[PDB]
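Just data-v7.cif here, mmCIF, C-alpha atoms:
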```
data_target
#
loop_
_atom_site.group_PDB
_atom_site.id
_atom_site.type_symbol
_atom_site.label_atom_id
_atom_site.label_comp_id
_atom_site.auth_asym_id
_atom_site.auth_seq_id
_atom_site.Cartn_x
_atom_site.Cartn_y
_atom_site.Cartn_z
ATOM 1 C CA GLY A 15 0.000 0.000 0.000
ATOM 2 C CA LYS A 16 2.662 2.449 1.085
ATOM 3 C CA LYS A 17 5.445 1.112 -1.160
ATOM 4 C CA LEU A 18 3.467 2.216 -4.218
ATOM 5 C CA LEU A 19 3.090 5.824 -3.044
ATOM 6 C CA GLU A 20 6.803 6.436 -2.418
ATOM 7 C CA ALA A 21 7.707 4.420 -5.513
ATOM 8 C CA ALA A 22 5.484 6.719 -7.574
ATOM 9 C CA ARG A 23 6.877 9.759 -5.726
ATOM 10 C CA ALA A 24 10.452 8.626 -6.398
ATOM 11 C CA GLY A 25 9.717 7.863 -10.051
ATOM 12 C CA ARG A 26 10.831 4.227 -9.915
ATOM 13 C CA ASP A 27 9.076 2.483 -12.803
ATOM 14 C CA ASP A 28 9.715 -1.268 -12.616
ATOM 15 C CA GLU A 29 9.027 -1.076 -8.898
ATOM 16 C CA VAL A 30 5.550 0.329 -9.594
ATOM 17 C CA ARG A 31 4.984 -2.361 -12.240
ATOM 18 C CA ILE A 32 6.092 -5.046 -9.769
ATOM 19 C CA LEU A 33 3.695 -3.626 -7.162
ATOM 20 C CA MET A 34 0.558 -3.858 -9.289
ATOM 21 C CA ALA A 35 2.041 -7.121 -10.586
ATOM 22 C CA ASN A 36 2.142 -8.017 -6.880
ATOM 23 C CA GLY A 37 -1.252 -6.401 -6.180
ATOM 24 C CA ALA A 38 -0.618 -2.872 -4.848
ATOM 25 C CA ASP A 39 -3.756 -0.691 -4.580
ATOM 26 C CA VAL A 40 -3.384 1.936 -7.333
ATOM 27 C CA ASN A 41 -5.920 4.084 -5.398
ATOM 28 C CA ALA A 42 -3.931 4.017 -2.125
ATOM 29 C CA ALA A 43 -3.955 7.504 -0.562
ATOM 30 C CA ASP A 44 -1.427 9.005 1.883
ATOM 31 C CA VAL A 45 -2.423 11.099 4.901
ATOM 32 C CA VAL A 46 -3.296 14.148 2.763
ATOM 33 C CA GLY A 47 -5.235 12.004 0.285
ATOM 34 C CA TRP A 48 -2.623 11.970 -2.453
ATOM 35 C CA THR A 49 -2.585 8.862 -4.646
ATOM 36 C CA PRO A 50 0.333 7.599 -6.702
ATOM 37 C CA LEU A 51 -1.270 9.368 -9.654
ATOM 38 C CA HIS A 52 -1.352 12.628 -7.677
ATOM 39 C CA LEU A 53 2.344 12.171 -6.854
ATOM 40 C CA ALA A 54 3.287 11.218 -10.407
ATOM 41 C CA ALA A 55 1.363 14.156 -11.885
ATOM 42 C CA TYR A 56 2.875 16.492 -9.275
ATOM 43 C CA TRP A 57 6.506 15.586 -9.856
ATOM 44 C CA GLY A 58 5.924 15.096 -13.593
ATOM 45 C CA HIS A 59 6.513 11.339 -14.142
ATOM 46 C CA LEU A 60 4.541 10.953 -17.374
ATOM 47 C CA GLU A 61 5.257 7.232 -17.899
ATOM 48 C CA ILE A 62 4.170 6.389 -14.355
ATOM 49 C CA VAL A 63 0.858 8.200 -14.977
ATOM 50 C CA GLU A 64 0.256 5.997 -18.021
ATOM 51 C CA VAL A 65 1.036 2.801 -16.103
ATOM 52 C CA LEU A 66 -1.308 3.570 -13.166
ATOM 53 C CA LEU A 67 -4.060 4.654 -15.535
ATOM 54 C CA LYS A 68 -3.432 1.483 -17.535
ATOM 55 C CA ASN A 69 -3.920 -0.332 -14.196
ATOM 56 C CA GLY A 70 -7.209 1.250 -13.141
ATOM 57 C CA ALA A 71 -5.991 4.211 -11.092
ATOM 58 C CA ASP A 72 -8.902 6.607 -10.454
ATOM 59 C CA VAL A 73 -8.126 9.473 -12.827
ATOM 60 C CA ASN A 74 -10.377 11.779 -10.718
ATOM 61 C CA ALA A 75 -9.150 10.932 -7.225
ATOM 62 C CA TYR A 76 -9.202 13.987 -5.000
ATOM 63 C CA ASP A 77 -7.150 14.827 -1.940
ATOM 64 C CA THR A 78 -8.445 16.150 1.350
ATOM 65 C CA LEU A 79 -8.749 19.656 -0.128
ATOM 66 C CA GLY A 80 -10.555 18.490 -3.265
ATOM 67 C CA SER A 81 -7.666 18.695 -5.704
ATOM 68 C CA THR A 82 -7.175 16.143 -8.523
ATOM 69 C CA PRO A 83 -4.116 14.953 -10.496
ATOM 70 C CA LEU A 84 -5.160 17.208 -13.379
ATOM 71 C CA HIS A 85 -4.986 20.240 -11.065
ATOM 72 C CA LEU A 86 -1.391 19.382 -10.103
ATOM 73 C CA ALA A 87 -0.329 18.760 -13.694
ATOM 74 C CA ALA A 88 -2.041 21.873 -15.068
ATOM 75 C CA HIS A 89 -0.618 24.018 -12.300
ATOM 76 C CA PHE A 90 2.987 22.991 -12.822
ATOM 77 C CA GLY A 91 3.153 22.918 -16.607
ATOM 78 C CA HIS A 92 3.271 19.169 -17.340
ATOM 79 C CA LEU A 93 1.618 19.469 -20.744
ATOM 80 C CA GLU A 94 1.924 15.850 -21.878
ATOM 81 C CA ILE A 95 0.569 14.549 -18.565
ATOM 82 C CA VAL A 96 -2.364 16.965 -18.878
ATOM 83 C CA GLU A 97 -3.069 15.445 -22.316
ATOM 84 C CA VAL A 98 -2.740 11.870 -21.023
ATOM 85 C CA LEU A 99 -5.027 12.485 -18.050
ATOM 86 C CA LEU A 100 -7.563 14.157 -20.313
ATOM 87 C CA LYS A 101 -7.567 11.246 -22.800
ATOM 88 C CA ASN A 102 -8.187 8.917 -19.859
ATOM 89 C CA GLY A 103 -11.306 10.675 -18.599
ATOM 90 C CA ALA A 104 -9.865 13.436 -16.373
ATOM 91 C CA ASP A 105 -12.702 15.785 -15.384
ATOM 92 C CA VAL A 106 -11.566 18.995 -17.121
ATOM 93 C CA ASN A 107 -13.793 21.151 -14.845
ATOM 94 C CA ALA A 108 -13.125 19.553 -11.458
ATOM 95 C CA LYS A 109 -13.224 22.131 -8.624
ATOM 96 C CA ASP A 110 -11.170 21.843 -5.455
ATOM 97 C CA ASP A 111 -12.562 23.037 -2.089
ATOM 98 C CA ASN A 112 -11.754 26.650 -3.112
ATOM 99 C CA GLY A 113 -13.676 26.524 -6.348
ATOM 100 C CA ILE A 114 -10.406 26.400 -8.290
ATOM 101 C CA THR A 115 -10.276 24.532 -11.619
ATOM 102 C CA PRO A 116 -7.330 23.268 -13.689
ATOM 103 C CA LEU A 117 -7.950 26.169 -16.048
ATOM 104 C CA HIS A 118 -7.497 28.669 -13.175
ATOM 105 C CA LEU A 119 -4.231 27.026 -12.113
ATOM 106 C CA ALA A 120 -2.810 26.766 -15.620
ATOM 107 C CA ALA A 121 -3.839 30.367 -16.281
ATOM 108 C CA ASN A 122 -2.204 31.529 -13.065
ATOM 109 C CA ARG A 123 1.199 30.213 -14.190
ATOM 110 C CA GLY A 124 0.885 31.310 -17.819
ATOM 111 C CA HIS A 125 0.965 27.806 -19.338
ATOM 112 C CA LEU A 126 -0.636 28.845 -22.624
ATOM 113 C CA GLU A 127 -0.493 25.371 -24.178
ATOM 114 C CA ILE A 128 -2.193 23.644 -21.239
ATOM 115 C CA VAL A 129 -4.889 26.340 -21.312
ATOM 116 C CA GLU A 130 -5.585 25.592 -24.982
ATOM 117 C CA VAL A 131 -5.655 21.831 -24.355
ATOM 118 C CA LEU A 132 -8.030 22.262 -21.420
ATOM 119 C CA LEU A 133 -10.267 24.497 -23.542
ATOM 120 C CA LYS A 134 -10.229 21.990 -26.429
ATOM 121 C CA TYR A 135 -11.440 19.431 -23.890
ATOM 122 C CA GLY A 136 -14.303 21.644 -22.761
ATOM 123 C CA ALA A 137 -12.948 23.672 -19.860
ATOM 124 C CA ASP A 138 -15.661 26.061 -18.668
ATOM 125 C CA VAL A 139 -14.027 29.408 -19.378
ATOM 126 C CA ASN A 140 -16.537 31.190 -17.122
ATOM 127 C CA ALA A 141 -16.105 28.913 -14.066
ATOM 128 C CA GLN A 142 -15.625 31.084 -10.955
ATOM 129 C CA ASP A 143 -13.646 30.258 -7.826
ATOM 130 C CA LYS A 144 -14.875 31.091 -4.310
ATOM 131 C CA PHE A 145 -13.934 34.746 -4.889
ATOM 132 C CA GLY A 146 -15.834 35.157 -8.138
ATOM 133 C CA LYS A 147 -12.670 35.104 -10.267
ATOM 134 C CA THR A 148 -12.361 33.428 -13.683
ATOM 135 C CA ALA A 149 -9.271 32.468 -15.643
ATOM 136 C CA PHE A 150 -9.790 35.700 -17.591
ATOM 137 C CA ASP A 151 -9.661 37.721 -14.355
ATOM 138 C CA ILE A 152 -6.439 35.925 -13.474
ATOM 139 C CA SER A 153 -4.865 36.806 -16.807
ATOM 140 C CA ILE A 154 -5.827 40.466 -16.448
ATOM 141 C CA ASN A 155 -4.439 40.679 -12.936
ATOM 142 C CA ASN A 156 -1.244 39.005 -14.071
ATOM 143 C CA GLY A 157 -0.895 41.314 -17.076
ATOM 144 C CA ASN A 158 -0.522 38.315 -19.391
ATOM 145 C CA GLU A 159 -1.769 39.771 -22.689
ATOM 146 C CA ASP A 160 -1.191 36.531 -24.618
ATOM 147 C CA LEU A 161 -3.377 34.501 -22.257
ATOM 148 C CA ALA A 162 -5.966 37.263 -21.860
ATOM 149 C CA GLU A 163 -6.571 36.920 -25.593
ATOM 150 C CA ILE A 164 -7.135 33.130 -25.814
ATOM 151 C CA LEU A 165 -9.621 33.386 -22.956
ATOM 152 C CA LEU B 578 34.636 69.730 -11.700
ATOM 153 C CA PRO B 579 33.127 72.935 -10.219
ATOM 154 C CA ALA B 580 30.448 73.125 -7.532
ATOM 155 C CA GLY B 581 27.110 71.660 -8.507
ATOM 156 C CA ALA B 582 28.446 69.875 -11.569
ATOM 157 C CA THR B 583 26.491 66.774 -12.535
ATOM 158 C CA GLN B 584 27.431 63.151 -13.147
ATOM 159 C CA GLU B 585 26.844 63.464 -16.916
ATOM 160 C CA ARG B 586 29.293 66.384 -17.161
ATOM 161 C CA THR B 587 31.927 64.493 -15.181
ATOM 162 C CA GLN B 588 31.406 61.514 -17.448
ATOM 163 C CA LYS B 589 32.308 63.539 -20.561
ATOM 164 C CA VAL B 590 35.561 64.647 -18.962
ATOM 165 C CA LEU B 591 36.355 61.095 -17.942
ATOM 166 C CA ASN B 592 35.534 59.921 -21.465
ATOM 167 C CA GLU B 593 38.085 62.425 -22.824
ATOM 168 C CA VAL B 594 40.705 61.304 -20.298
ATOM 169 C CA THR B 595 40.069 57.666 -21.311
ATOM 170 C CA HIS B 596 40.269 58.494 -25.003
ATOM 171 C CA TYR B 597 43.550 60.368 -24.585
ATOM 172 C CA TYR B 598 45.305 57.462 -22.836
ATOM 173 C CA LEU B 599 44.030 54.873 -25.314
ATOM 174 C CA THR B 600 45.112 56.920 -28.364
ATOM 175 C CA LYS B 601 47.962 59.329 -27.497
ATOM 176 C CA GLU B 602 49.444 56.569 -25.257
ATOM 177 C CA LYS B 603 48.220 53.537 -27.220
ATOM 178 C CA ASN B 604 51.670 51.993 -26.985
ATOM 179 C CA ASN B 605 52.057 52.269 -23.176
ATOM 180 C CA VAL B 606 48.518 51.975 -21.742
ATOM 181 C CA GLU B 607 46.618 48.729 -21.425
ATOM 182 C CA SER B 608 43.455 49.974 -19.667
ATOM 183 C CA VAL B 609 41.698 52.892 -17.988
ATOM 184 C CA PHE B 610 39.390 52.081 -15.055
ATOM 185 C CA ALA B 611 37.270 55.190 -14.664
ATOM 186 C CA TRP B 612 35.139 55.824 -11.594
ATOM 187 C CA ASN B 613 32.626 58.642 -11.817
ATOM 188 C CA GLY B 614 31.428 59.811 -8.385
ATOM 189 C CA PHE B 615 34.378 59.489 -6.071
ATOM 190 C CA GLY B 616 37.722 61.153 -5.941
ATOM 191 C CA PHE B 617 40.516 61.646 -3.517
ATOM 192 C CA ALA B 618 39.166 64.982 -2.239
ATOM 193 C CA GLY B 619 35.794 63.390 -1.488
ATOM 194 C CA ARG B 620 32.757 61.992 -3.216
ATOM 195 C CA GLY B 621 30.134 63.523 -5.416
ATOM 196 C CA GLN B 622 28.837 63.910 -8.919
ATOM 197 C CA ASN B 623 31.615 66.415 -9.712
ATOM 198 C CA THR B 624 34.477 64.024 -8.780
ATOM 199 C CA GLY B 625 36.115 61.137 -10.562
ATOM 200 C CA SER C 242 9.953 39.106 -9.465
ATOM 201 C CA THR C 243 8.987 42.448 -10.945
ATOM 202 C CA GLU C 244 5.702 40.876 -12.107
ATOM 203 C CA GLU C 245 4.732 39.987 -8.523
ATOM 204 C CA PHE C 246 5.626 43.434 -7.181
ATOM 205 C CA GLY C 247 3.582 44.954 -10.041
ATOM 206 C CA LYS C 248 0.413 43.197 -8.914
ATOM 207 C CA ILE C 249 0.621 44.467 -5.344
ATOM 208 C CA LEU C 250 -2.909 45.755 -4.620
ATOM 209 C CA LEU C 251 -2.814 49.340 -3.388
ATOM 210 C CA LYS C 252 -6.493 50.244 -3.453
ATOM 211 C CA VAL C 253 -9.898 48.943 -4.503
ATOM 212 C CA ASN C 254 -11.783 51.890 -6.036
ATOM 213 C CA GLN C 255 -15.413 52.875 -5.363
ATOM 214 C CA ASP C 256 -16.585 51.205 -8.576
ATOM 215 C CA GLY C 257 -14.773 48.011 -7.466
ATOM 216 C CA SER C 258 -11.805 48.609 -9.785
ATOM 217 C CA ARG C 259 -8.266 47.871 -8.644
ATOM 218 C CA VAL C 260 -5.215 50.125 -8.255
ATOM 219 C CA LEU C 261 -2.060 47.988 -8.613
ATOM 220 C CA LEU C 262 1.529 49.001 -7.922
ATOM 221 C CA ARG C 263 2.336 48.811 -11.638
ATOM 222 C CA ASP C 264 -0.374 51.508 -12.170
ATOM 223 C CA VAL C 265 1.651 54.105 -10.207
ATOM 224 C CA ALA C 266 5.273 52.940 -10.666
ATOM 225 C CA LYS C 267 7.806 51.440 -13.020
ATOM 226 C CA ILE C 268 9.341 48.280 -11.567
ATOM 227 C CA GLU C 269 12.739 46.839 -12.413
ATOM 228 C CA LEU C 270 15.797 45.122 -10.977
ATOM 229 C CA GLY C 271 18.389 47.874 -10.508
ATOM 230 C CA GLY C 272 21.241 48.919 -8.237
ATOM 231 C CA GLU C 273 21.016 49.833 -4.543
ATOM 232 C CA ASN C 274 22.439 53.176 -5.462
ATOM 233 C CA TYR C 275 23.543 55.074 -8.498
ATOM 234 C CA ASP C 276 26.139 57.518 -7.255
ATOM 235 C CA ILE C 277 29.096 55.743 -8.950
ATOM 236 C CA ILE C 278 29.441 55.025 -12.670
ATOM 237 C CA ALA C 279 32.268 52.576 -13.326
ATOM 238 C CA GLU C 280 33.845 52.048 -16.734
ATOM 239 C CA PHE C 281 36.718 49.944 -17.992
ATOM 240 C CA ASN C 282 38.043 51.338 -21.287
ATOM 241 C CA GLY C 283 34.644 53.077 -21.683
ATOM 242 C CA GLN C 284 32.557 49.927 -21.139
ATOM 243 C CA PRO C 285 30.267 49.218 -18.133
ATOM 244 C CA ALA C 286 32.129 47.417 -15.386
ATOM 245 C CA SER C 287 31.958 46.000 -11.916
ATOM 246 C CA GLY C 288 34.815 44.397 -10.043
ATOM 247 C CA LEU C 289 36.480 43.584 -6.733
ATOM 248 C CA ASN D 194 -5.028 71.088 30.668
ATOM 249 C CA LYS D 195 -6.162 74.568 29.619
ATOM 250 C CA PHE D 196 -5.446 73.668 25.974
ATOM 251 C CA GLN D 197 -6.591 70.020 26.281
ATOM 252 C CA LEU D 198 -2.972 68.781 25.834
ATOM 253 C CA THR D 199 -0.899 66.058 27.572
ATOM 254 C CA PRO D 200 2.805 65.151 27.703
ATOM 255 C CA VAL D 201 2.104 62.686 24.881
ATOM 256 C CA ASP D 202 1.303 65.604 22.589
ATOM 257 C CA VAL D 203 4.399 67.477 23.749
ATOM 258 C CA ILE D 204 6.607 64.453 22.989
ATOM 259 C CA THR D 205 4.979 63.896 19.589
ATOM 260 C CA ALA D 206 5.462 67.571 18.611
ATOM 261 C CA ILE D 207 9.127 67.584 19.687
ATOM 262 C CA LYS D 208 9.837 64.454 17.704
ATOM 263 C CA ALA D 209 8.147 65.968 14.659
ATOM 264 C CA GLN D 210 9.480 69.535 14.911
ATOM 265 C CA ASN D 211 13.027 68.857 16.223
ATOM 266 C CA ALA D 212 13.973 66.502 13.467
ATOM 267 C CA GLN D 213 16.774 66.012 10.956
ATOM 268 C CA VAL D 214 15.327 64.891 7.615
ATOM 269 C CA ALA D 215 17.027 63.118 4.705
ATOM 270 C CA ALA D 216 15.557 64.666 1.559
ATOM 271 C CA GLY D 217 17.727 63.581 -1.385
ATOM 272 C CA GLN D 218 19.024 65.905 -4.097
ATOM 273 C CA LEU D 219 18.055 68.046 -7.025
ATOM 274 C CA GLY D 220 19.503 66.237 -10.010
ATOM 275 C CA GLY D 221 20.098 63.186 -7.821
ATOM 276 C CA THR D 222 21.139 59.871 -9.255
ATOM 277 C CA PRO D 223 20.117 58.087 -11.377
ATOM 278 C CA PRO D 224 19.446 61.400 -13.246
ATOM 279 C CA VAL D 225 17.576 62.418 -16.372
ATOM 280 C CA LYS D 226 19.731 62.950 -19.492
ATOM 281 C CA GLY D 227 20.861 66.568 -19.848
ATOM 282 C CA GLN D 228 20.516 67.437 -16.180
ATOM 283 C CA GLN D 229 22.589 70.497 -15.434
ATOM 284 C CA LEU D 230 21.995 71.092 -11.724
ATOM 285 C CA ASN D 231 22.900 68.917 -8.735
ATOM 286 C CA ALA D 232 22.280 70.210 -5.203
ATOM 287 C CA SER D 233 21.498 68.703 -1.797
ATOM 288 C CA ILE D 234 17.938 69.254 -0.571
ATOM 289 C CA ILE D 235 18.007 70.538 3.020
ATOM 290 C CA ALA D 236 14.684 70.088 4.850
ATOM 291 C CA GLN D 237 14.097 70.207 8.649
ATOM 292 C CA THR D 238 17.312 70.293 10.768
ATOM 293 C CA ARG D 239 17.707 69.797 14.511
ATOM 294 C CA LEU D 240 16.852 72.772 16.690
ATOM 295 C CA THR D 241 19.696 74.570 18.363
#
```
Please express what this file holds, its structure, as structure tokens.
Amino acid sequence: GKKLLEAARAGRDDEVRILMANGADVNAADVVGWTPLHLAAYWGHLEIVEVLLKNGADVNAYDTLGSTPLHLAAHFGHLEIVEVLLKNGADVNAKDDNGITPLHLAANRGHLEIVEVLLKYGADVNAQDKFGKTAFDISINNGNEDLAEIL
Amino acid sequence: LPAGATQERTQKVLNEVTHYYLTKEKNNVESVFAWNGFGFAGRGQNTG
Amino acid sequence: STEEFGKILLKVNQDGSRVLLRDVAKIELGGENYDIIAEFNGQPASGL
Amino acid sequence: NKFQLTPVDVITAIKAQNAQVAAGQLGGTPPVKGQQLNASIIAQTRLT
């Protein structure tokens, strides 16, 4: 149970394969509700993401503050992992406990490509967080003229 | 330079000093390290 | 970064609009002070 | 008491009106191109 999580955090492939091959819960969650997919998306281990999804890892698992692997990957600029998660059924409009969506996070960092991918997959451009702010608002406040356009 | 003289005016004098050494003394001088704003009488925009 | 300093929120106007630091200031990495211009053969220089 | 004052007000006024202020310079650095004047600005100085 726990060997999978730190294996996925470390980015140790064959280990992970041996652990589902030996029966490790792909949906095992640490104390803050992070799953191996959360950890792999966070640190950016694209191949691990594919292997856990190939093995039935909940693509929409959420941690104790409502955040999903897609949030992590959008936030930190892991474009290919965003694509993979989205092709495997990642909820493009999932909201964490703050109302924040992957589009908000990707917008906040300026990851133009992720924003376009999320939009192509149906990201609600008008979704508001708990403060009433949309990805457009974020782009204005940041001064990002390139992003402010696409939105 | 005189009282009240500005940094830009000192810089033109220093640029002429630099130019002299690197042309009229091209054979003897390897470099001129010019500091605009402090001198041995004190500091200030009119010193270099 | 300069971008983060620029979005410091100074004021929220009556009509709900926002006054940011970049609306009243230019923001750049610069020196702590500008009293000394240093040149080496007429090019910008630092040193030790 | 006659003027509705306390020693707090006296202390505040002394700190504000017996003060030595740093006020920068006319033509201070970094300056505008073509500046011709550089002078210290002298604002409040300690009482004597």
Where does chain B meet stretch 219-232 of chain D within 9 Å, residue by residue, with the nearest atom pair and distance in Å to one decimal for each, counting only C-alpha atoms, listed by chain and rising number, as JSON lines?
```
{"residue": "B:580", "atom": "CA", "partner": "D:231", "partner_atom": "CA", "distance": 8.7}
{"residue": "B:581", "atom": "CA", "partner": "D:231", "partner_atom": "CA", "distance": 5.0}
{"residue": "B:582", "atom": "CA", "partner": "D:231", "partner_atom": "CA", "distance": 6.3}
{"residue": "B:583", "atom": "CA", "partner": "D:231", "partner_atom": "CA", "distance": 5.7}
{"residue": "B:584", "atom": "CA", "partner": "D:222", "partner_atom": "CA", "distance": 8.1}
{"residue": "B:585", "atom": "CA", "partner": "D:227", "partner_atom": "CA", "distance": 7.4}
{"residue": "B:586", "atom": "CA", "partner": "D:229", "partner_atom": "CA", "distance": 8.1}
{"residue": "B:622", "atom": "CA", "partner": "D:231", "partner_atom": "CA", "distance": 7.8}
```
- prompt: Exactly which residues make up the result of the PyMOL selection byres ((chain A) within 10 of (chain C)) on this file, given as an NGL selection string?
  reply: :A and (155-158)
field: Target residues per the PyMOL selection byres ((chain B and resi 623-625) around 6), formatted as a PyMOL selection string
entry: chain B and resi 578+582-583+587+612-616+621-622
Given a cut-off of 10 Å, which residues of chain C touch chain D, counting all atoms listed in the file, written out as a CSV table (one decimal) with C-alpha atoms, in the coordinates of the input?
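What landed in selection.csv:
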```csv
chain,number,residue,atom,x,y,z
C,272,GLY,CA,21.2,48.9,-8.2
C,274,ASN,CA,22.4,53.2,-5.5
C,275,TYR,CA,23.5,55.1,-8.5
C,276,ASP,CA,26.1,57.5,-7.3
C,277,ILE,CA,29.1,55.7,-9.0
C,278,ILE,CA,29.4,55.0,-12.7
```
message: Considering only C-alpha atoms, can you say which of A:121, A:62, A:86, A:93 comes closest to residue A:152?
response: A:121
query: Can you tell me, as a ChimeraX atom specification, what residues are no more than 9 Å from residue A:153 when counting only C-alpha atoms, ignoring any on the same chain fewer than 3 positions away?
result: /A:121-122,124,148-150,156-163,165
Box time for stretch 58-72 of chain A: axis-aligned, enclosing all its listed atoms, 6 Å extra on each side; report centre and edge lengths in Å to one decimal, as AutoDock Vina command-line options.
```
--center_x -1.2 --center_y 7.4 --center_z -14.2 --size_x 27.4 --size_y 27.4 --size_z 19.6
```
field: Output of the PyMOL selection byres ((chain A and resi 75-84) around 8), listed as a list in words
entry: residues 41, 46, 47, 48, 49, 51, 52, 53, 55, 56, 72, 73, 74, 85, 86, 87, 88, 96, 99, 100, 104, 105, 106, 108, 109, 110, 111 and 116 of chain A
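Counting from atom CA of residue A:135, the distance to atom CA of residue A:103 is 10.2 Å.
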Radius query 7 Å about (13.2, 66.5, 1.2), atoms used: all atoms listed in the file, as a VMD selection string: chain D and resid 214 to 217 234 to 236
Hey, can you spit out that residue selection with C-alpha atoms as an mmCIF file, keeping the file's coordinate frame?
```
data_model
loop_
_atom_site.group_PDB
_atom_site.id
_atom_site.type_symbol
_atom_site.label_atom_id
_atom_site.label_comp_id
_atom_site.auth_asym_id
_atom_site.auth_seq_id
_atom_site.Cartn_x
_atom_site.Cartn_y
_atom_site.Cartn_z
ATOM 1 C CA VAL D 214 15.327 64.891 7.615
ATOM 2 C CA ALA D 215 17.027 63.118 4.705
ATOM 3 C CA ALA D 216 15.557 64.666 1.559
ATOM 4 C CA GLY D 217 17.727 63.581 -1.385
ATOM 5 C CA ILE D 234 17.938 69.254 -0.571
ATOM 6 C CA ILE D 235 18.007 70.538 3.020
ATOM 7 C CA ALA D 236 14.684 70.088 4.850
#
```
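For the pair atom CA of residue A:59 and atom CA of residue A:21, the interatomic distance is 11.1 Å.
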statement: As a check of understanding: the span from atom CA of residue C:254 to atom CA of residue C:267 is 20.8 Å
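If you count only C-alpha atoms and ignore residues fewer than 4 places along the chain from residue A:127, what sits within 9 Å of it is residues 91, 93, 120, 131 and 132 of chain A.
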